[PDB]
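Asker: Pasting in a structure now, in structure tokens, and then I'll have a few things to ask.
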Amino acid sequence: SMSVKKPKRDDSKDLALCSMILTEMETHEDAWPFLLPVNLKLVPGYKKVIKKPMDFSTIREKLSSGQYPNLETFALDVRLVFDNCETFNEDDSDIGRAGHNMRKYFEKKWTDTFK
């Protein structure tokens with residue numbers, strides 16, 4: 001509260017570390033469904049169904065231009081990529097499986113790096 005602060009967690013490496021994690025996700029073999037925005041002119045249903053599209057390229061631009069205020073807002077966008085994937089794709093499809101594998105990969109790097 002006013003004039004009563006919890007001790008300062010060092011956040012000065014967060015930017016560099018989120019960039020490393022993002023590089024690792026970009027270079028994973030199962031990243032291919034997620035590298036670029038889904039083409040909303042060519043994929044029926046996507047525009048109407050998926051209220052907040054997100055992809056790795058869009059996260060990379062936001063990170064590079066100071067659009068994440070902290071590491072939690074970065075993790076929210078990464079999870080949104082996988083949540084959207086589960087919404088639109090059957091678990092037993094190549095893309096549905098890619099999404100489960102990538103979420104698992106992310107969540108381990110997140111815990112090992114920060115928790």
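Here's how to read the names in the structure tokens: chain A, B, ... by the order shown, residue numbers from 1 in each chain, ligand numbers from 1 in the order shown.
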Mind dumping a table of every stretch 43-94 of chain A residue within 10 Å of stretch 99-106 of chain A, with the nearest atom pair and its distance in Å to one decimal, using only C-alpha atoms, sorted by chain and rising number, as JSON lines?
Answerer:
{"residue": "A:75", "atom": "CA", "partner": "A:106", "partner_atom": "CA", "distance": 9.2}
{"residue": "A:78", "atom": "CA", "partner": "A:106", "partner_atom": "CA", "distance": 8.3}
{"residue": "A:79", "atom": "CA", "partner": "A:103", "partner_atom": "CA", "distance": 7.2}
{"residue": "A:81", "atom": "CA", "partner": "A:99", "partner_atom": "CA", "distance": 8.4}
{"residue": "A:82", "atom": "CA", "partner": "A:99", "partner_atom": "CA", "distance": 5.6}
{"residue": "A:83", "atom": "CA", "partner": "A:99", "partner_atom": "CA", "distance": 8.5}
{"residue": "A:84", "atom": "CA", "partner": "A:99", "partner_atom": "CA", "distance": 9.3}
{"residue": "A:85", "atom": "CA", "partner": "A:99", "partner_atom": "CA", "distance": 6.3}
{"residue": "A:86", "atom": "CA", "partner": "A:99", "partner_atom": "CA", "distance": 7.3}
{"residue": "A:89", "atom": "CA", "partner": "A:99", "partner_atom": "CA", "distance": 9.1}
{"residue": "A:91", "atom": "CA", "partner": "A:100", "partner_atom": "CA", "distance": 8.1}
{"residue": "A:93", "atom": "CA", "partner": "A:99", "partner_atom": "CA", "distance": 9.9}
{"residue": "A:94", "atom": "CA", "partner": "A:99", "partner_atom": "CA", "distance": 8.7}
Asker: What lies within 9 Å of residue A:21 using only C-alpha atoms, ignoring chain neighbours under 2 positions off, as a count of residues only?
Answerer: 12
Asker: Can you pull out the residues contacting residue A:62? Cut-off 12 Å, using only C-alpha atoms, and skip same-chain residues under 2 positions away; I want them as a ChimeraX atom specification.
Answerer: /A:15,18-19,22,54-60,64-70,73-74,77-78
Asker: For residue A:98, which residue among A:20, A:30, A:12, A:3 is the nearest when counting only C-alpha atoms?
Answerer: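 When distances to residue A:98 are compared using only C-alpha atoms, the smallest one comes from A:30.
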Asker: I'd like to know which of A:49, A:71, A:42, A:63 is closest to residue A:14, using only C-alpha atoms.
Answerer: A:71
Asker: Can you pull out every residue from stretch 12-73 of chain A that DSSP, working from the backbone, puts in alpha helix (DSSP H), and format the result as number ranges by chain?
Answerer: A: 14-27, 46-49, 56-64, 71-73
Asker: Those residues you just picked out, can you put them in a file as a short mmCIF file (atom, residue, chain, number, x, y, z; two decimals), in the first residue's frame with N, CA, C and O atoms?
Answerer:
data_model
loop_
_atom_site.label_atom_id
_atom_site.label_comp_id
_atom_site.auth_asym_id
_atom_site.auth_seq_id
_atom_site.Cartn_x
_atom_site.Cartn_y
_atom_site.Cartn_z
N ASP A 14 14.40 -9.56 -18.21
CA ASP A 14 13.17 -10.21 -18.72
C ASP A 14 13.06 -10.11 -20.26
O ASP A 14 12.69 -11.12 -20.91
N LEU A 15 13.34 -8.92 -20.79
CA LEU A 15 13.29 -8.66 -22.22
C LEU A 15 14.17 -9.62 -23.03
O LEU A 15 13.67 -10.33 -23.92
N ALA A 16 15.42 -9.73 -22.65
CA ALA A 16 16.35 -10.67 -23.26
C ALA A 16 15.95 -12.10 -23.15
O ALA A 16 16.09 -12.88 -24.10
N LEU A 17 15.51 -12.50 -21.98
CA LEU A 17 15.06 -13.86 -21.77
C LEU A 17 13.75 -14.27 -22.58
O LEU A 17 13.67 -15.41 -23.05
N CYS A 18 12.76 -13.39 -22.59
CA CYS A 18 11.55 -13.63 -23.42
C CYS A 18 11.91 -13.74 -24.93
O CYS A 18 11.35 -14.60 -25.64
N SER A 19 12.84 -12.89 -25.39
CA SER A 19 13.40 -12.96 -26.77
C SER A 19 14.05 -14.33 -27.05
O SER A 19 13.80 -14.93 -28.10
N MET A 20 14.83 -14.87 -26.12
CA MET A 20 15.41 -16.21 -26.24
C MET A 20 14.40 -17.31 -26.31
O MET A 20 14.51 -18.18 -27.12
N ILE A 21 13.46 -17.31 -25.38
CA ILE A 21 12.36 -18.24 -25.42
C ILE A 21 11.59 -18.21 -26.79
O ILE A 21 11.32 -19.26 -27.35
N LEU A 22 11.30 -17.01 -27.28
CA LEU A 22 10.55 -16.78 -28.50
C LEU A 22 11.37 -17.35 -29.66
O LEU A 22 10.82 -18.07 -30.46
N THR A 23 12.71 -17.17 -29.63
CA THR A 23 13.62 -17.73 -30.69
C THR A 23 13.57 -19.24 -30.70
O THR A 23 13.50 -19.90 -31.79
N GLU A 24 13.53 -19.82 -29.54
CA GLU A 24 13.45 -21.26 -29.42
C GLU A 24 12.10 -21.77 -29.97
O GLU A 24 12.05 -22.81 -30.56
N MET A 25 11.02 -21.07 -29.68
CA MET A 25 9.70 -21.46 -30.23
C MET A 25 9.68 -21.27 -31.76
O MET A 25 9.22 -22.19 -32.48
N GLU A 26 10.25 -20.16 -32.28
CA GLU A 26 10.30 -19.92 -33.72
C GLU A 26 11.04 -21.01 -34.50
O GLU A 26 10.72 -21.27 -35.64
N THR A 27 12.05 -21.63 -33.91
CA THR A 27 12.92 -22.61 -34.59
C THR A 27 12.50 -24.07 -34.30
O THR A 27 13.09 -24.99 -34.86
N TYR A 46 -12.50 -18.23 -39.78
CA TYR A 46 -11.46 -17.82 -38.79
C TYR A 46 -11.73 -16.46 -38.23
O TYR A 46 -11.73 -16.24 -36.98
N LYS A 47 -12.09 -15.56 -39.14
CA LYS A 47 -12.38 -14.18 -38.74
C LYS A 47 -13.50 -14.05 -37.73
O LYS A 47 -13.38 -13.35 -36.71
N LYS A 48 -14.58 -14.78 -37.96
CA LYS A 48 -15.75 -14.67 -37.11
C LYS A 48 -15.57 -15.40 -35.81
O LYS A 48 -16.03 -14.98 -34.75
N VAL A 49 -14.93 -16.57 -35.88
CA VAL A 49 -14.81 -17.40 -34.71
C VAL A 49 -13.73 -16.95 -33.74
O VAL A 49 -13.96 -17.03 -32.50
N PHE A 56 3.40 -15.96 -33.79
CA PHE A 56 4.76 -15.67 -33.34
C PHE A 56 5.35 -14.41 -33.95
O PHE A 56 5.99 -13.66 -33.21
N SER A 57 5.15 -14.16 -35.24
CA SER A 57 5.63 -12.91 -35.88
C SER A 57 5.11 -11.62 -35.27
O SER A 57 5.89 -10.62 -35.13
N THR A 58 3.85 -11.66 -34.86
CA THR A 58 3.15 -10.55 -34.26
C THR A 58 3.68 -10.34 -32.82
O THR A 58 3.99 -9.20 -32.40
N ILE A 59 3.92 -11.44 -32.11
CA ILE A 59 4.56 -11.36 -30.78
C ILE A 59 5.97 -10.80 -30.92
O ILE A 59 6.41 -9.99 -30.08
N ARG A 60 6.73 -11.23 -31.95
CA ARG A 60 8.12 -10.76 -32.17
C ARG A 60 8.15 -9.23 -32.44
O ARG A 60 8.99 -8.47 -31.87
N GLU A 61 7.23 -8.75 -33.22
CA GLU A 61 7.14 -7.29 -33.49
C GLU A 61 6.76 -6.49 -32.21
O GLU A 61 7.36 -5.42 -31.94
N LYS A 62 5.74 -6.98 -31.48
CA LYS A 62 5.31 -6.33 -30.22
C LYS A 62 6.52 -6.30 -29.20
O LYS A 62 6.79 -5.28 -28.52
N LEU A 63 7.26 -7.39 -29.06
CA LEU A 63 8.39 -7.45 -28.12
C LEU A 63 9.51 -6.44 -28.51
O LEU A 63 10.02 -5.70 -27.67
N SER A 64 9.86 -6.43 -29.79
CA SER A 64 10.82 -5.51 -30.39
C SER A 64 10.52 -4.00 -30.34
O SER A 64 11.46 -3.22 -30.58
N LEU A 71 6.57 -9.26 -18.30
CA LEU A 71 6.66 -10.66 -18.80
C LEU A 71 5.31 -11.40 -18.79
O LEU A 71 5.14 -12.32 -19.61
N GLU A 72 4.34 -11.05 -17.92
CA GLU A 72 3.05 -11.71 -17.94
C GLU A 72 2.20 -11.41 -19.19
O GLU A 72 1.42 -12.27 -19.61
N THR A 73 2.30 -10.20 -19.74
CA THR A 73 1.50 -9.83 -20.86
C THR A 73 2.11 -10.58 -22.06
O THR A 73 1.38 -10.94 -22.97
#
Asker: Under the rule that only C-alpha atoms are counted, which of A:52, A:97, A:115, A:108 is the nearest residue to residue A:33?
Answerer: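 Counting only C-alpha atoms, the residue closest to residue A:33 is A:97.
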